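Peer 1: Just so it is clear, I am handing over my_file07.csv, which has CSV, C-alpha atoms and all ligand atoms.
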```
chain,number,residue,atom,x,y,z
A,46,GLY,CA,46.8,59.0,-64.1
A,47,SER,CA,49.9,60.5,-65.9
A,48,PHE,CA,52.3,57.4,-65.7
A,49,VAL,CA,50.3,54.9,-67.9
A,50,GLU,CA,53.5,53.1,-69.1
A,51,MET,CA,54.4,52.1,-65.5
A,52,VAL,CA,50.9,51.3,-64.1
A,53,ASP,CA,50.5,47.4,-63.6
A,54,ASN,CA,54.3,46.7,-64.1
A,55,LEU,CA,54.5,44.4,-61.0
A,56,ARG,CA,53.7,40.7,-60.3
A,57,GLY,CA,54.0,38.4,-57.3
A,58,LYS,CA,52.6,38.3,-53.7
A,59,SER,CA,53.5,39.2,-50.1
A,60,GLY,CA,54.9,35.7,-49.2
A,61,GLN,CA,57.3,35.3,-52.2
A,62,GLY,CA,57.8,39.0,-53.0
A,63,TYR,CA,56.8,41.5,-55.7
A,64,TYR,CA,58.9,41.8,-58.9
A,65,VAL,CA,59.5,44.1,-61.9
A,66,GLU,CA,60.9,43.2,-65.4
A,67,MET,CA,64.4,44.5,-66.1
A,68,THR,CA,67.1,43.9,-68.8
A,69,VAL,CA,70.8,43.7,-68.2
A,70,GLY,CA,73.7,43.8,-70.8
A,71,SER,CA,74.2,44.2,-74.6
A,72,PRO,CA,72.1,42.6,-76.3
A,73,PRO,CA,69.5,42.9,-73.4
A,74,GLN,CA,69.1,39.9,-71.1
A,75,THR,CA,65.6,39.8,-69.5
A,76,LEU,CA,65.3,38.9,-65.8
A,77,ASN,CA,62.5,39.3,-63.1
A,78,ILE,CA,63.8,41.4,-60.2
A,79,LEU,CA,62.4,41.5,-56.6
A,80,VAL,CA,61.5,45.1,-55.5
A,81,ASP,CA,63.2,45.5,-52.1
A,82,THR,CA,63.0,48.8,-50.1
A,83,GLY,CA,64.8,46.9,-47.2
A,84,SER,CA,68.2,46.5,-48.9
A,85,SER,CA,70.6,48.5,-51.2
A,86,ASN,CA,72.3,45.9,-53.4
A,87,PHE,CA,71.2,45.2,-57.0
A,88,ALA,CA,72.0,41.5,-57.6
A,89,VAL,CA,71.1,38.8,-60.1
A,90,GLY,CA,71.6,35.0,-60.3
A,91,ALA,CA,74.6,34.5,-62.6
A,92,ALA,CA,75.2,30.7,-62.5
A,93,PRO,CA,72.8,27.7,-62.7
A,94,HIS,CA,70.6,27.1,-59.6
A,95,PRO,CA,67.8,24.4,-59.2
A,96,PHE,CA,65.3,27.3,-58.6
A,97,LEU,CA,66.4,29.5,-61.5
A,98,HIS,CA,65.0,29.1,-65.0
A,99,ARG,CA,67.3,31.9,-66.3
A,100,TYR,CA,70.4,33.8,-65.2
A,101,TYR,CA,72.8,36.7,-66.2
A,102,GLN,CA,75.6,35.6,-68.6
A,103,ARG,CA,78.4,38.1,-68.3
A,104,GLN,CA,80.3,36.6,-71.3
A,105,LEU,CA,77.4,37.4,-73.6
A,106,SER,CA,77.4,41.1,-72.7
A,107,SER,CA,79.7,43.3,-74.7
A,108,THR,CA,79.1,46.2,-72.2
A,109,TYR,CA,80.0,44.1,-69.1
A,110,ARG,CA,82.7,45.6,-66.8
A,111,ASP,CA,84.5,43.5,-64.2
A,112,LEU,CA,85.0,45.3,-60.8
A,113,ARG,CA,87.4,42.5,-59.6
A,114,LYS,CA,85.8,42.4,-56.1
A,115,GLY,CA,83.8,39.9,-54.0
A,116,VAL,CA,80.5,40.8,-52.2
A,117,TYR,CA,78.4,39.0,-49.6
A,118,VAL,CA,74.9,40.0,-48.3
A,119,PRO,CA,73.3,38.3,-45.2
A,120,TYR,CA,69.5,38.7,-45.1
A,121,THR,CA,67.0,37.7,-42.3
A,122,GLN,CA,67.3,33.9,-43.3
A,123,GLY,CA,68.8,33.8,-46.7
A,124,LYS,CA,72.2,34.9,-48.0
A,125,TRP,CA,74.4,35.0,-51.1
A,126,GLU,CA,78.0,35.5,-52.3
A,127,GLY,CA,78.9,37.0,-55.6
A,128,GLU,CA,81.1,39.0,-58.0
A,129,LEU,CA,80.9,42.8,-58.5
A,130,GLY,CA,80.7,44.4,-61.9
A,131,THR,CA,78.8,47.0,-64.0
A,132,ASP,CA,76.6,46.9,-67.1
A,133,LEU,CA,73.8,48.8,-69.0
A,134,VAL,CA,70.4,48.3,-67.3
A,135,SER,CA,66.8,49.2,-68.5
A,136,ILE,CA,63.3,48.8,-67.1
A,137,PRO,CA,61.0,48.0,-70.1
A,138,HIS,CA,57.8,49.1,-68.3
A,139,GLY,CA,59.6,52.0,-66.7
A,140,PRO,CA,61.2,55.3,-67.7
A,141,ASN,CA,62.6,55.3,-71.3
A,142,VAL,CA,66.3,55.5,-70.2
A,143,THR,CA,69.3,53.1,-70.0
A,144,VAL,CA,71.8,53.5,-67.1
A,145,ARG,CA,75.2,52.0,-66.2
A,146,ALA,CA,74.8,50.4,-62.7
A,147,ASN,CA,76.6,48.2,-60.2
A,148,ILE,CA,75.5,44.5,-60.3
A,149,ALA,CA,76.5,41.7,-57.9
A,150,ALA,CA,76.6,38.5,-60.0
A,151,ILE,CA,75.4,35.8,-57.6
A,152,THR,CA,77.8,32.7,-57.7
A,153,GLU,CA,76.7,31.0,-54.4
A,154,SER,CA,73.5,31.3,-52.3
A,155,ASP,CA,71.7,29.7,-49.3
A,156,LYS,CA,67.9,30.0,-48.8
A,157,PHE,CA,67.7,33.1,-51.1
A,158,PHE,CA,66.0,31.9,-54.3
A,159,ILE,CA,62.5,30.7,-53.7
A,160,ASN,CA,61.1,27.7,-55.7
A,161,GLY,CA,58.3,29.0,-58.0
A,162,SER,CA,58.7,32.7,-57.1
A,163,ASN,CA,59.4,33.7,-60.8
A,164,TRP,CA,62.2,36.2,-59.8
A,165,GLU,CA,66.0,35.8,-60.6
A,166,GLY,CA,67.4,38.8,-58.8
A,167,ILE,CA,66.9,41.6,-56.2
A,168,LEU,CA,66.7,45.4,-56.6
A,169,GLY,CA,67.7,47.0,-53.3
A,170,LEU,CA,66.0,50.5,-53.3
A,171,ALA,CA,67.4,51.8,-50.0
A,172,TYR,CA,70.4,54.1,-49.4
A,173,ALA,CA,74.3,53.4,-49.7
A,174,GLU,CA,74.8,53.3,-45.9
A,175,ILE,CA,73.5,49.7,-45.8
A,176,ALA,CA,75.0,48.6,-49.1
A,177,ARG,CA,77.6,45.7,-49.0
A,178,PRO,CA,80.7,45.6,-49.0
A,179,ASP,CA,80.4,49.3,-47.9
A,180,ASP,CA,78.7,52.7,-48.8
A,181,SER,CA,81.1,53.3,-51.8
A,182,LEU,CA,78.9,50.9,-53.8
A,183,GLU,CA,76.4,53.2,-55.5
A,184,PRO,CA,72.9,51.7,-55.3
A,185,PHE,CA,70.8,51.4,-58.6
A,186,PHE,CA,68.4,54.3,-57.7
A,187,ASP,CA,71.3,56.7,-57.1
A,188,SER,CA,72.9,55.9,-60.5
A,189,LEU,CA,69.5,56.2,-62.3
A,190,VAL,CA,68.9,59.8,-60.9
A,191,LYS,CA,72.5,60.9,-61.4
A,192,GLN,CA,72.7,59.8,-65.1
A,193,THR,CA,69.2,60.9,-66.1
A,194,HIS,CA,66.5,63.7,-65.7
A,195,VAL,CA,64.3,61.2,-63.7
A,196,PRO,CA,63.0,62.9,-60.4
A,197,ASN,CA,64.5,61.5,-57.2
A,198,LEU,CA,61.2,59.7,-56.1
A,199,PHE,CA,59.5,56.3,-56.7
A,200,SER,CA,56.1,55.1,-55.5
A,201,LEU,CA,54.7,51.6,-54.8
A,202,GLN,CA,51.2,50.1,-55.0
A,203,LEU,CA,51.4,46.4,-53.9
A,204,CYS,CA,48.2,44.5,-54.6
A,205,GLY,CA,47.4,41.5,-52.4
A,206,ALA,CA,44.7,39.3,-54.1
A,207,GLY,CA,43.0,38.3,-50.8
A,208,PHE,CA,43.0,34.7,-51.9
A,209,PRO,CA,45.8,32.2,-52.8
A,210,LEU,CA,47.5,32.2,-56.2
A,211,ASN,CA,49.6,29.3,-57.5
A,212,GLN,CA,52.8,30.0,-59.7
A,213,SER,CA,50.7,30.0,-62.9
A,214,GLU,CA,48.1,32.5,-61.5
A,215,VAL,CA,50.9,34.8,-60.3
A,216,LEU,CA,52.4,34.9,-63.9
A,217,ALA,CA,49.0,35.7,-65.5
A,218,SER,CA,47.9,38.3,-62.9
A,219,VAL,CA,48.9,42.0,-62.2
A,220,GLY,CA,50.5,42.4,-58.8
A,221,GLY,CA,50.8,46.2,-58.7
A,222,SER,CA,52.8,49.2,-59.8
A,223,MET,CA,56.2,50.8,-59.3
A,224,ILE,CA,56.0,54.4,-60.6
A,225,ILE,CA,59.6,55.6,-61.1
A,226,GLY,CA,60.0,59.4,-61.0
A,227,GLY,CA,56.4,60.3,-60.0
A,228,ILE,CA,53.0,59.8,-58.2
A,229,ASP,CA,50.1,58.3,-60.2
A,230,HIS,CA,46.8,59.7,-58.8
A,231,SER,CA,44.7,56.8,-60.1
A,232,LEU,CA,46.5,54.4,-57.6
A,233,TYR,CA,44.9,55.8,-54.4
A,234,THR,CA,41.8,57.4,-52.9
A,235,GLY,CA,41.7,60.3,-50.4
A,236,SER,CA,44.7,62.3,-49.3
A,237,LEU,CA,48.5,61.5,-49.2
A,238,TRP,CA,50.0,62.0,-45.7
A,239,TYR,CA,53.7,62.3,-45.3
A,240,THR,CA,56.0,61.0,-42.5
A,241,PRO,CA,59.7,62.2,-42.3
A,242,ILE,CA,62.6,59.7,-43.3
A,243,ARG,CA,64.5,59.9,-39.9
A,244,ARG,CA,67.9,58.9,-41.5
A,245,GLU,CA,68.8,57.8,-45.0
A,246,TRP,CA,70.0,54.1,-44.5
A,247,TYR,CA,66.9,51.9,-44.4
A,248,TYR,CA,63.7,53.8,-45.1
A,249,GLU,CA,63.5,54.7,-41.3
A,250,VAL,CA,60.3,56.2,-39.8
A,251,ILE,CA,58.9,57.0,-36.3
A,252,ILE,CA,55.8,55.3,-34.9
A,253,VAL,CA,54.3,57.5,-32.1
A,254,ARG,CA,51.1,55.5,-31.0
A,255,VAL,CA,49.5,52.1,-31.6
A,256,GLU,CA,45.8,51.2,-31.3
A,257,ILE,CA,43.9,47.8,-31.6
A,258,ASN,CA,40.2,48.6,-32.4
A,259,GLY,CA,40.8,52.2,-31.1
A,260,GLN,CA,42.3,50.9,-27.8
A,261,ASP,CA,45.7,52.5,-27.1
A,262,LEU,CA,48.4,49.8,-26.5
A,263,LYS,CA,49.7,52.3,-23.9
A,264,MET,CA,53.4,51.5,-24.2
A,265,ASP,CA,56.3,54.1,-24.1
A,266,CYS,CA,56.5,55.1,-27.8
A,267,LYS,CA,60.3,54.3,-27.7
A,268,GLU,CA,59.3,50.6,-27.5
A,269,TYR,CA,57.6,50.8,-31.0
A,270,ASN,CA,60.9,52.0,-32.6
A,271,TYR,CA,63.3,49.8,-30.6
A,272,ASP,CA,65.9,49.7,-32.2
A,273,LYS,CA,64.4,51.2,-35.4
A,274,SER,CA,61.2,51.1,-37.5
A,275,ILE,CA,61.6,50.6,-41.3
A,276,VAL,CA,59.3,50.3,-44.5
A,277,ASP,CA,60.3,47.1,-46.2
A,278,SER,CA,58.6,45.6,-49.3
A,279,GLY,CA,61.2,42.7,-49.1
A,280,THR,CA,59.8,41.4,-45.7
A,281,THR,CA,56.4,39.6,-45.8
A,282,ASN,CA,55.1,40.3,-42.2
A,283,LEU,CA,54.4,43.2,-40.0
A,284,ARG,CA,57.3,42.5,-37.5
A,285,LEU,CA,57.2,44.1,-34.0
A,286,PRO,CA,59.8,44.4,-31.2
A,287,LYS,CA,59.3,41.5,-28.7
A,288,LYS,CA,57.6,43.6,-26.0
A,289,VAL,CA,55.3,45.3,-28.4
A,290,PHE,CA,54.5,42.0,-30.2
A,291,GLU,CA,53.6,40.3,-26.8
A,292,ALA,CA,51.3,43.3,-25.9
A,293,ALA,CA,49.7,43.5,-29.4
A,294,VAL,CA,49.0,39.7,-29.6
A,295,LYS,CA,47.4,39.8,-26.0
A,296,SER,CA,45.2,42.7,-27.3
A,297,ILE,CA,44.3,41.0,-30.6
A,298,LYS,CA,43.4,37.7,-28.7
A,299,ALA,CA,41.1,39.7,-26.3
A,300,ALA,CA,39.3,41.5,-29.2
A,301,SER,CA,38.8,38.1,-31.1
A,302,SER,CA,37.9,36.1,-27.9
A,303,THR,CA,34.6,34.8,-29.4
A,304,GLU,CA,36.8,32.2,-31.1
A,305,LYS,CA,39.9,30.4,-29.7
A,306,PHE,CA,42.9,29.7,-31.9
A,307,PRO,CA,45.8,27.4,-31.1
A,308,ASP,CA,49.2,28.8,-30.0
A,309,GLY,CA,50.8,27.8,-33.4
A,310,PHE,CA,48.4,30.3,-35.2
A,311,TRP,CA,49.5,33.2,-33.0
A,312,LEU,CA,53.2,32.2,-33.5
A,313,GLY,CA,52.7,32.5,-37.3
A,314,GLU,CA,53.5,28.7,-37.8
A,315,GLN,CA,50.1,27.1,-38.5
A,316,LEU,CA,47.1,28.0,-40.7
A,317,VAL,CA,43.5,28.4,-39.7
A,318,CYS,CA,40.7,27.5,-42.1
A,319,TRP,CA,37.0,28.4,-42.5
A,320,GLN,CA,34.3,27.0,-44.8
A,321,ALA,CA,34.2,28.8,-48.2
A,322,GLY,CA,33.3,32.6,-47.8
A,323,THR,CA,32.6,32.4,-44.0
A,324,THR,CA,35.9,33.9,-42.7
A,325,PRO,CA,34.6,36.0,-39.7
A,326,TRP,CA,36.6,39.2,-40.5
A,327,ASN,CA,34.3,41.3,-38.1
A,328,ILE,CA,35.6,39.4,-35.0
A,329,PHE,CA,39.2,40.5,-35.8
A,330,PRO,CA,40.2,44.1,-34.8
A,331,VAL,CA,41.6,46.9,-37.0
A,332,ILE,CA,45.2,48.1,-36.2
A,333,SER,CA,46.2,51.7,-36.3
A,334,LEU,CA,49.8,53.0,-36.5
A,335,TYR,CA,50.3,56.7,-35.8
A,336,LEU,CA,53.3,58.2,-37.6
A,337,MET,CA,55.2,61.5,-36.9
A,338,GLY,CA,53.9,64.2,-39.3
A,339,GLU,CA,55.8,66.9,-41.2
A,340,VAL,CA,54.3,69.8,-39.1
A,341,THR,CA,55.6,70.3,-35.5
A,342,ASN,CA,53.5,68.4,-32.9
A,343,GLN,CA,51.4,66.8,-35.7
A,344,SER,CA,50.7,63.1,-36.4
A,345,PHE,CA,48.5,61.0,-38.7
A,346,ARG,CA,47.4,57.4,-38.7
A,347,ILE,CA,47.3,54.5,-41.1
A,348,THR,CA,44.7,51.8,-40.3
A,349,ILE,CA,44.8,48.1,-41.5
A,350,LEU,CA,42.3,45.4,-41.6
A,351,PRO,CA,42.5,41.7,-40.8
A,352,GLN,CA,42.3,41.4,-44.7
A,353,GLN,CA,45.8,42.8,-44.6
A,354,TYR,CA,47.4,41.0,-41.5
A,355,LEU,CA,45.8,37.5,-42.2
A,356,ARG,CA,47.8,36.1,-45.1
A,357,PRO,CA,45.9,33.9,-47.6
A,358,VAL,CA,47.5,30.4,-47.9
A,359,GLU,CA,46.4,27.2,-49.8
A,360,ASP,CA,45.0,24.4,-47.6
A,361,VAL,CA,47.2,21.3,-46.8
A,362,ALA,CA,44.3,19.3,-48.5
A,363,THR,CA,43.9,22.1,-51.2
A,364,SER,CA,40.1,22.1,-50.4
A,365,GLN,CA,37.4,24.8,-50.9
A,366,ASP,CA,38.1,26.3,-47.4
A,367,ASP,CA,39.5,29.8,-47.0
A,368,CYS,CA,42.8,29.4,-45.1
A,369,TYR,CA,45.2,32.0,-43.6
A,370,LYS,CA,48.3,32.5,-41.5
A,371,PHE,CA,48.7,35.3,-38.9
A,372,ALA,CA,51.1,37.7,-40.6
A,373,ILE,CA,52.3,39.5,-37.4
A,374,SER,CA,55.6,38.3,-35.8
A,375,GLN,CA,58.1,39.1,-33.1
A,376,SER,CA,61.4,40.9,-33.9
A,377,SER,CA,64.7,41.4,-32.1
A,378,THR,CA,65.8,44.0,-34.8
A,379,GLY,CA,63.0,46.6,-34.5
A,380,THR,CA,59.7,47.3,-36.3
A,381,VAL,CA,59.3,46.1,-39.9
A,382,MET,CA,56.4,47.5,-42.0
A,383,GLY,CA,56.4,44.6,-44.5
A,384,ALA,CA,54.4,43.7,-47.7
A,385,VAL,CA,51.2,42.7,-45.8
A,386,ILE,CA,51.1,46.4,-44.4
A,387,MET,CA,52.1,48.1,-47.6
A,388,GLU,CA,49.3,46.1,-49.5
A,389,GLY,CA,46.8,48.4,-47.8
A,390,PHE,CA,48.4,51.6,-49.1
A,391,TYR,CA,50.0,53.5,-52.0
A,392,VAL,CA,53.5,54.3,-50.6
A,393,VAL,CA,55.5,57.3,-52.0
A,394,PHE,CA,59.2,57.1,-51.4
A,395,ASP,CA,60.0,60.9,-51.7
A,396,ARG,CA,63.8,60.8,-51.5
A,397,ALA,CA,64.1,64.4,-52.8
A,398,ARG,CA,62.1,65.7,-49.8
A,399,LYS,CA,63.3,63.0,-47.3
A,400,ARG,CA,59.7,61.9,-46.6
A,401,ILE,CA,57.4,58.9,-47.1
A,402,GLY,CA,53.7,59.4,-48.3
A,403,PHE,CA,50.8,57.0,-47.5
A,404,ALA,CA,47.3,57.0,-49.0
A,405,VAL,CA,44.6,54.3,-49.1
A,406,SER,CA,45.3,51.9,-52.0
A,407,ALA,CA,42.8,51.7,-54.9
A,408,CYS,CA,43.6,47.9,-54.8
A,409,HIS,CA,43.4,47.1,-51.0
A,410,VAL,CA,41.3,44.1,-49.9
A,411,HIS,CA,38.3,45.0,-47.7
A,412,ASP,CA,34.6,44.1,-47.0
A,413,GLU,CA,31.3,46.1,-47.3
A,414,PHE,CA,31.6,47.2,-43.6
A,415,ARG,CA,35.2,48.5,-43.2
A,416,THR,CA,38.1,49.9,-45.3
A,417,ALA,CA,41.8,50.7,-44.7
A,418,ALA,CA,42.3,54.4,-43.7
A,419,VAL,CA,44.8,57.3,-43.7
A,420,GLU,CA,43.6,60.1,-41.5
A,421,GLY,CA,44.8,63.2,-39.6
A,422,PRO,CA,45.9,65.5,-38.2
A,423,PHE,CA,46.3,64.5,-34.6
A,424,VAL,CA,47.9,66.7,-31.9
A,425,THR,CA,51.0,64.7,-30.6
A,426,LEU,CA,53.7,66.1,-28.4
A,427,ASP,CA,57.4,65.0,-27.8
A,428,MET,CA,57.5,62.8,-31.0
A,429,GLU,CA,61.4,63.1,-31.4
A,430,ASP,CA,61.6,61.3,-28.0
A,431,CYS,CA,60.0,58.2,-29.7
A,432,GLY,CA,63.2,57.7,-31.7
A,433,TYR,CA,65.6,55.2,-30.2
A,434,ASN,CA,69.4,56.0,-30.0
B,1,LIG,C1,62.9,38.3,-45.5
B,1,LIG,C2,64.1,39.0,-45.8
B,1,LIG,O1,65.2,38.6,-45.5
B,1,LIG,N1,64.0,40.2,-46.5
B,1,LIG,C3,65.1,40.8,-47.2
B,1,LIG,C4,64.8,40.6,-48.7
B,1,LIG,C5,64.7,39.2,-49.2
B,1,LIG,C6,63.5,38.8,-49.8
B,1,LIG,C7,63.4,37.5,-50.2
B,1,LIG,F1,62.3,37.0,-50.7
B,1,LIG,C8,64.4,36.5,-50.0
B,1,LIG,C9,65.5,37.0,-49.3
B,1,LIG,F2,66.5,36.1,-49.0
B,1,LIG,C10,65.7,38.3,-49.0
B,1,LIG,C11,65.2,42.3,-46.8
B,1,LIG,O2,66.3,43.0,-47.5
B,1,LIG,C12,65.5,42.5,-45.3
B,1,LIG,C13,66.8,41.8,-44.9
B,1,LIG,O3,67.1,42.1,-43.5
B,1,LIG,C14,67.2,43.5,-43.3
B,1,LIG,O4,68.2,44.1,-44.2
B,1,LIG,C15,69.5,43.7,-44.0
B,1,LIG,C16,70.4,44.1,-45.1
B,1,LIG,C17,70.4,45.6,-45.3
B,1,LIG,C18,70.1,43.4,-46.4
B,1,LIG,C19,71.9,43.7,-44.7
B,1,LIG,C20,65.9,44.2,-43.6
B,1,LIG,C21,64.9,43.8,-42.6
B,1,LIG,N2,65.4,43.9,-45.0
```
Could I get this structure in the form of structure tokens?
Ligand SMILES: CC(=O)N[C@@H](Cc1cc(F)cc(F)c1)[C@H](O)[C@H]1CO[C@@H](OCC(C)(C)C)[C@H](C)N1
Peer 2:
Amino acid sequence: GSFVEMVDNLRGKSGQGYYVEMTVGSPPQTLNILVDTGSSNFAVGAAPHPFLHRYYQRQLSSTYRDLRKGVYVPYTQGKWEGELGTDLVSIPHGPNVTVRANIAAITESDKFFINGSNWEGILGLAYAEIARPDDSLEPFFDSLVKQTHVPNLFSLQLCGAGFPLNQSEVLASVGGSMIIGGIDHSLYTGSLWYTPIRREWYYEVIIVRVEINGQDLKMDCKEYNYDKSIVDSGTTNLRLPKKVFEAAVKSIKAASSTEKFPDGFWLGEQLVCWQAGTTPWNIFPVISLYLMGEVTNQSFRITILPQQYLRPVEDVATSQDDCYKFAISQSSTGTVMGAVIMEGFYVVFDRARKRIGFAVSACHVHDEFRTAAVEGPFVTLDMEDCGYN
């Protein structure tokens, strides 16, 4: 472990998002910022909102620069409108550097800020191609690398607790690590396996095979990447294209058929509860996602447990029961490897070598019988044909 200053610098959870502490302006204004690999805009609340306890005050920053331009970002459900500008930015539990970066000062928003989340802004870590208004708005990570000696790489260890946490427990507990400029070897076990970044827009990857308890889903691999497959810390669930979702749910139901669950559970709408400590993890199957490797005709696999895809939630009666929602859902915008997936792994965003590394997380939730896995190599032909165009 050679990045001690950055270890344990995250807080939060899969459902409301993981955040890092940052400061903006002169003198520094402290804000909690959502770490999002599924967007490319750095934005902060800059006007009072019922869910914000603090916000960026441009008139109190002597280093604030007005870009005199409007900006709008529509997300999956939420959205915001704001005003573009620049300021000095630092990450207290990050590299010991200050950079001048673009900041969208949020003036209006709908279903963006989450009550009790503890975050007041969003750090879009993806590439300029998906930045709004357009690709001329340099994302924060690009500015950081260009202005400093920080290597063009970041890595994320998201730590799911495996049980519910209220707002107060979230504040008090460590939610993970964001290592800026390096790979901290204390955050994972086993080997790091790398998948290519197909195109620099979202963090786009190629899934070449899917298994449920070792049983091949047997779909044309193009289906798994229709119309794209992305790694997104800003999305909670594992989201699958409609056809893949229907086939995966049918297979997960058949594997867990010793117990019957209502349709609302499988639709990700209603919770299922079990008496304290009796969740039957063993009846639920493991899920393997095979990803294209860096060597020609070579693949590797990442394997998750129900401890990853069953999201802990507090009971409607707040009882001693262990309650969960099914964290797999349909998508009409391709595969999304969200926070519940990422929680099983140490993920290295190697922008310099246009590749994503995965290793078993030192903080993944498991039992005495099974663990999450990263294994290879596998001989896999015609992998570039799995890519949708
Ligand atoms: C749940 C969701 O919308 N997730 C958000 C973050 C976010 C987290 C949050 F807690 C509250 C939010 F309102 C927003 C991700 O950025 C998504 C947005 O859509 C896609 O990106 C589209 C754009 C590039 C932004 C135009 C891609 C799947 N990444």
Peer 1: Identify which of the residues A:210, A:92, A:167, A:49 lies closest to residue 153 (chain A), counting only C-alpha atoms when measuring atom-to-atom distances.
Peer 2: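 The shortest atom-to-atom distance to residue 153 (chain A) comes from A:92.
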Peer 1: Can you pull out every residue with an atom within 6 Å of ligand LIG 1 (chain B)? Use only C-alpha atoms and all ligand atoms and format it as a ChimeraX atom specification.
Peer 2: /A:61-62,83-84,118-124,157,175,279-280
Peer 1: Mind dumping a table of every region 278-379 of chain A residue within 10 Å of region 241-256 of chain A, with the nearest atom pair and its distance in Å to one decimal, using only C-alpha atoms, sorted by chain and rising number, as a tab-separated table?
Peer 2:
```
residue	atom	partner	partner_atom	distance
A:289	CA	A:255	CA	9.5
A:293	CA	A:256	CA	8.8
A:296	CA	A:256	CA	9.4
A:330	CA	A:256	CA	9.7
A:331	CA	A:256	CA	8.3
A:332	CA	A:256	CA	5.8
A:333	CA	A:256	CA	5.0
A:334	CA	A:255	CA	5.0
A:335	CA	A:254	CA	5.0
A:336	CA	A:252	CA	4.7
A:337	CA	A:251	CA	5.9
A:338	CA	A:241	CA	6.8
A:339	CA	A:241	CA	6.2
A:340	CA	A:241	CA	9.9
A:344	CA	A:253	CA	7.9
A:345	CA	A:253	CA	9.5
A:346	CA	A:254	CA	8.8
A:348	CA	A:256	CA	9.1
```
Peer 1: Using only C-alpha atoms, find the one residue out of A:93, A:173, A:234, A:137 that sits nearest to residue 403 (chain A).
Peer 2: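 Using only C-alpha atoms, residue 403 (chain A) sits closest to A:234.
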Peer 1: When distances are computed from only C-alpha atoms, which of A:366, A:272, A:265, A:308 shows the smallest separation from residue 320 (chain A)?
Peer 2: A:366
Peer 1: As a PyMOL selection string, please: the residues near residue 404 (chain A) (cut-off 12 Å, only C-alpha atoms, same-chain neighbours under 4 positions excluded).
Peer 2: chain A and resi 200-202+228-240+345-349+387-393+408-409+417-421
Peer 1: What's around residue 315 (chain A) at 12 Å? Count only C-alpha atoms, leave out sequence neighbours fewer than 4 positions away in its own chain, and write the answer as a ChimeraX atom specification.
Peer 2: /A:306-311,355-356,358-361,368-372
Peer 1: If we count all atoms listed in the file and set the cut-off at 12 Å, which residues sit around region 411-414 of chain A, ignoring sequence neighbours fewer than 5 positions away in its own chain? Please answer as a ChimeraX atom specification.
Peer 2: /A:205-207,322,324-327,331,348-355,388-389,405-406
Peer 1: Counting only C-alpha atoms, what is within 10 Å of residue 106 (chain A), bar same-chain residues fewer than 5 positions away, as a PyMOL selection string?
Peer 2: chain A and resi 69-74+101+132-133
Peer 1: With a distance cut-off of 9 Å and only C-alpha atoms, select the neighbouring residues of residue 287 (chain A), excluding the residue or stretch itself and same-chain residues fewer than 6 positions from it, and output the selection as a list in words.
Peer 2: residues 374, 375, 376, 377 and 379 of chain A
Peer 1: How many Å lie between CA of residue 158 (chain A) and CA of residue 363 (chain A), rounded to one decimal?
Peer 2: 24.4 Å
Peer 1: Counting all atoms listed in the file, which residue out of A:269, A:290, A:64, A:109 sits closest to residue 138 (chain A)?
Peer 2: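 Of the candidates, the smallest distance to residue 138 (chain A) is held by A:64.
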Peer 1: Tell me which of A:270, A:86, A:365, A:342 sits closest to residue 427 (chain A), counting all atoms listed in the file.
Peer 2: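 Among the listed residues, the smallest separation from residue 427 (chain A) belongs to A:342.
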Peer 1: So how far away is CA of residue 266 (chain A) from CA of residue 314 (chain A), in Å?
Peer 2: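 CA of residue 314 (chain A) sits 28.4 Å away from CA of residue 266 (chain A).
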Peer 1: Counting only C-alpha atoms, which of A:146, A:297, A:257, A:117 gets nearest to residue 190 (chain A)?
Peer 2: A:146
Peer 1: In Å, rounded to a single decimal, give me how far CA of residue 79 (chain A) is from CA of residue 105 (chain A).
Peer 2: 23.0 Å
